[PDB]
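Two separate entries follow, structure 1 and structure 2, each one form of the same protein chain as structure tokens.
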Structure 1
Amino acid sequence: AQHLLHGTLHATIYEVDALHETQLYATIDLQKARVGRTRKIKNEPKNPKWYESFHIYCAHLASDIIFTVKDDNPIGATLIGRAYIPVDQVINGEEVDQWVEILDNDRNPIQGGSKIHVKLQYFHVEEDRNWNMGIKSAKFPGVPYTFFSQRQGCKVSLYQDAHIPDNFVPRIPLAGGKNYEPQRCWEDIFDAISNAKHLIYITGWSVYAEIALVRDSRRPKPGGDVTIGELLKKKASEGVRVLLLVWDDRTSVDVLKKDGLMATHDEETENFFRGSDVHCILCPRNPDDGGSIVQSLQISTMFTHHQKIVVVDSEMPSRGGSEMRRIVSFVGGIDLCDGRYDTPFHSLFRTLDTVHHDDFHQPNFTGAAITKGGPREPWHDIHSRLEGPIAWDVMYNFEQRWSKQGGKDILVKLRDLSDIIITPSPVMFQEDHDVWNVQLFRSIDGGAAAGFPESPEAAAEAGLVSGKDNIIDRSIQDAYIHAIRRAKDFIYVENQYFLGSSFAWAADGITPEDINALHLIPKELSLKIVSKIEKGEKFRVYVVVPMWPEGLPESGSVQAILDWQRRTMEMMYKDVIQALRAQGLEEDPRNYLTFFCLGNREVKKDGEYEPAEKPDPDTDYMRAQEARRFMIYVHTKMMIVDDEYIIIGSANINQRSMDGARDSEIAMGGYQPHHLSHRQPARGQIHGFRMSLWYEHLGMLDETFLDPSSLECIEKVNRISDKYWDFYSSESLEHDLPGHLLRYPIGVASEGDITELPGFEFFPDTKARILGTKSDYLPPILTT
């Protein structure tokens, strides 16, 4: 490991020239990091011949690029050769077109001649016209090598939580002279469902038919008390085509109940719509490549369809009148199930006799229930509404899924409604300063979605890659990579998971190549920080994660995940410290990369709901109840870059979501072309949205928050978050927490190692190790 390939590797793998029911393929490694594989080409034996374009994104230390030729026959797997090509030949720019050799294990050659042929060419990241330049013009063409292309003429409504009460957001001034206006997710979903006339298409990891979408007594909507299940049956009865694709976890219902069993009522919902006009379909999810035959058998009950989609037809944005319809779609992190309704208040105890009395979510305690009291787990999340042509791309993703894994041939035929539902159309003129350019992205494979291109040439144009048994759409990871690479001022992430780039982890008690969390997001982040230190340019990265991922915090799963997270932070912090040290700067690396979680703490006021019962005596449950504090769960999957570009979707920053062929995901990336930060700072809708989230978490607006690349900003934000952690973790309680953003409770050693905060080996009120524990039982494929 000596040279750094940070950029893009164009490669074509041609043949072997010799040698002496086969299924034969070839893989590309960068030293030990797999970055590509050809298709299994089959019957053909001696001179097997693939010609596969590869567009590879690199952020790797390497001495050699290595091609391995292998045979995967079910009669038995088998390695053939191993070609080397020192990266020295490739760092320069160049176009290495060798007829390189197919060698063996001691590194002398295989049978008697040939010799693999390959074409390579490496572009460092600075070759890209947008590296360190941002979106840089309203002519920006989008992310390349993706299945969906950028759309123009779109409108995006950014959703902070499921609901926002009146008089919540402060005055946040935006470019056109107007103040930021907050939108209401579930209010808008209720209206879109209520008003549909032709189609309603929904996919979820969980749909619970009993939730009511509208609950704010000071913002009442007629019919709002109806449950989503009864709303959909009413709509279907009128003749609207209501199609649902809800994840089928293929565990049967566990009739018994230990009470932070979070269950995806999948059988219950399918049953709820039986005999109605709603067509609900349980949709199984089998991954593409499960590893061992032994490994595959333990894991293939455990991968999910994770897309949260609602698609409806809606009336034409319109003054009057009259006749016609468009398509409107929703994507983000918010499923239509229990535990997801919340507001930025994120109350622990003060809503249990109002909006949460029959929607009590708390899976981190054994046997938590409303009858025993708080704290509930509050739900911070982010969603979006997409109008304009982009809405039809989400609809089309549903159509590909329904055709491959759905039910009867009952998709609404838009060609038959050409006189009612328009073709995919702008909702605004491109000259309107509110207009959005939006592009859809996915993690999905050919086993879950019909209609992917077949020829390897058409696949590579869409950025699709060959899997074990299916073609793979990984445009979500690619969209994150480009969004990070073009970043020039700051990145703000809120995500449920933050772990990956395991090829660059320290071999510390693990064999890194075993982990296979190969997506690049954490490495592109730290490489981006590194490059701005080197240029003397200001840059900051803020990351908001949950205090711990949902579940009992001592459970093997949570502790495994917290250990992956710790190794990812540790690798990043060593990149940043090494770069700082290389400039002879002695600085706090937390002034360049800073990690947060969320928390609440409420005093007990008179007249609060008093539960009848009580947790058991020395439980995590009882401690939390007495300390009056708990985490605010970060379910967000969102990244804001430079106040000008935003990604919202279902995809977590882990290998499960970023791989392509594990869970199925969806996200949108967008910007407003008239509100870029190329020469001014951007002050459009994405800026107002960031400021509203910051107001929610920090409890205040501050001048410094306008420019988060400034040192003054990151410093003020950390300092405040340190004070909130002290308020949070203190045993005494004088007053409510003034904000929610807590410095993530870890310390960074002077060399990058992650250390425990003195006195906080365990999260407050728990016996769960903040630093995580590697599991002996869970395979990395399940937890990364």
Structure 2
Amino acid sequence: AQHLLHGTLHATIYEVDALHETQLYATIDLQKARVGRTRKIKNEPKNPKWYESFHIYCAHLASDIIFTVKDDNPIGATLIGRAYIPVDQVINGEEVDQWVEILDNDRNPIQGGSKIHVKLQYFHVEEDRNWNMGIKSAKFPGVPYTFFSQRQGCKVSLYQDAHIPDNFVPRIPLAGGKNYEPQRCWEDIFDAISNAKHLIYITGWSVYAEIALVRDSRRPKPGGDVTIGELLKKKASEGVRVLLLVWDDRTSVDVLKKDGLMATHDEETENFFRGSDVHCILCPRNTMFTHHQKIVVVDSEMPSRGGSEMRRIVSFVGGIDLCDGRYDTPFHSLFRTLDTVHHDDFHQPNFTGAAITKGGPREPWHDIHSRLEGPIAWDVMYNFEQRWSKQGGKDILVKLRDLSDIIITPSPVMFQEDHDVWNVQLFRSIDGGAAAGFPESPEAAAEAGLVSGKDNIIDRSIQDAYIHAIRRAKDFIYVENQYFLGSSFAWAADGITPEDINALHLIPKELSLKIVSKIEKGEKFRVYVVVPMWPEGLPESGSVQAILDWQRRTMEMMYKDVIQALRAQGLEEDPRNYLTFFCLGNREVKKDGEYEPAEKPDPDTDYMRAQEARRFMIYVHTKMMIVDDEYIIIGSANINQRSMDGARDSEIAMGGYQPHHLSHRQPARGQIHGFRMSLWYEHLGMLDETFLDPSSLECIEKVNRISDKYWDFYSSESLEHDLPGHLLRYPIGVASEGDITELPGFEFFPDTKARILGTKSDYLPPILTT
């Protein structure tokens, strides 16, 4: 630790000249923090040649860049030695190309004097032309070094929950002269599946065949009450190619399942479809990990007022699986839908023995999804094809070249001059064990940002897209995510050895370094983060407690960064006017005519307490980030190592902007702005002029104040009225030095015996919980 490397480190590890079943590889560390490794080379025991290149994202304190040569021989693994390049050598940004001595544990040359050949070049974040500039022109080329390139001529529909009722949204005027109009996710998916004529491809972490997609009696749709299972079986019986890849939840980790973290129905679904014309494949990770992508791909009629007989591809990505517990609206009711839309869809995994017959609260489900049109839709389909080819069933993917006269070649849905147009790019966390067709040669892999893992090539373009989206930010960042933990290389060694945690992804540290850079420049900037009150499961459980502890350490790292920057500027200010954390909750007075359960919970349980207090969190399952009202990422990937790693859970996400609605010379007032405002209206219960510019001090102060008011209403012993909104200040305090503290009287979440600050586990290894 001397030298902050915040930027990108281009590296090539060529070879070891001469070492005087062997599987030789080299790792790259920034001080103690691992940042890359080569593939393993066989049949070259004396002169291993990797010729492997890296584009390493740096946000690290370091004195030495350390290359370790190792042999992963199954009969025994061995350390060959270490080579050191001082950070002084790269800090000025000039290219370094060196043959450096490999040394033993006493820093003496290893036998024979072997040297490793490496090339390095450090690019500080401000060397990037979008650093602190946003997207900054309609000619922005996309995120570099990714497998999928940015697509033009696209259209994205943004979905706020599974469903939205009639006339929900206030008037949110947009640059083109109309008001923002919310789209409805499961109505649209129902239509997409019902109208497909050639293919329906679905992936899910969980699929439940017995749910209906359409349930709003005020917005009925013909056939909308059919279950998704009966709908898919009908379409397949008519000849549509219906292919599902559902995570093999038979491989779950028992301890996580028992704690409530894996409430899935994939196996049940496979039994539902076998014998039908639906091809439902149970897909193991290849477990400790899961297949977490949530995908729907269909053929759809080509936009054409008169009609073209032709078809195009349309794809959905985001957080919402087609399973139990996901249907909801921004009302997020705890008790008042138990005899309507949740009577047969009661989801509450946070109490032992929760059941509709014992009453609510159910767990409301806040989530975000998207529909993708234009060439990007084929990229999602290509992901499905890669996975099916590797882990699917028979050779029954639709062959798009045999259908050139039926399904168009990948094509835009709008002209690039149309201000509604989107530029969209697809990102993933997946590896060669799960997806066929990645390039084998190191040069081609590096051009796509693919990195070597222990045994497979790795796509980590989701983490890369997040890093890039944060670095170009200039006004504000708004995050909703199921998890918020990581950058453990920069955690305090406070009762832990940080290097043992291995939650190395950069998102939390990039956020705090971005905040620090703006403070240093005296430029206004705000970061808003909405997380669930606790991650789904029994909150007293080892798993949930471990996650809250990781979350606490992550928050503490960031606030210490912020406070240190404020103090260096001579500022004494509340760091929560720079970085602010929220969760969501609801609370409903018992009005006449509500569902009356036949039974009750046991007398001194979380369940009984929550039922009597009439309150519960609204679960934040979203995985979305909005930057500057101009760029948005929506997908399946949580802000944790499980999602960001690349070789842990498989994930997918899109990142997009409208090139004519950027935040450059005018405020961004396109679809992303409309959506962000619609989300804020849902959570705050109101819109206010100050919310138009979330970088302002007046905005964050007002949002924070409202969220404190709602926490007071939520957590009070007394209840007179429904909660007027849902956004709660996350129930922690920030000490003057950045330590996260309990609130007075709230060691535990309301109605629970669960510590808000969490508990480090002595049994669960961090690989399971990070």
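Residue numbering: sequential along structure 1, first residue numbered 1. Throughout, rigid core stands for the largest set of C-alpha atoms superposing within 1.5 Å between the two forms.
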Practice problem: Of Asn179, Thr251, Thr227, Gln578, only one moves its C-alpha by 2 angstroms or more between the two structures once the rigid core is aligned, so tell me which. | Solution: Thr251
Quiz item: Superposing on the rigid core, is the CA of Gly556 displaced by 2 Å or more between the two structures?
Solution: no
Quiz item: With both forms fit on the core, has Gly260 moved 2 Å or more by CA between the two structures?
Solution: yes
Exercise. For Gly112, tell me the Cα shift between the two structures once the rigid core is superposed, in Å to one decimal.
Key: 4.1
Quiz prompt | Angstrom shift of the Cα atom of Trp436 between the two structures (superposition on rigid core) | solution = 0.4
Practice problem: Determine, in Å, the CA shift of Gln98 between the two structures after the rigid core is used for superposition. | Solution: 2.0
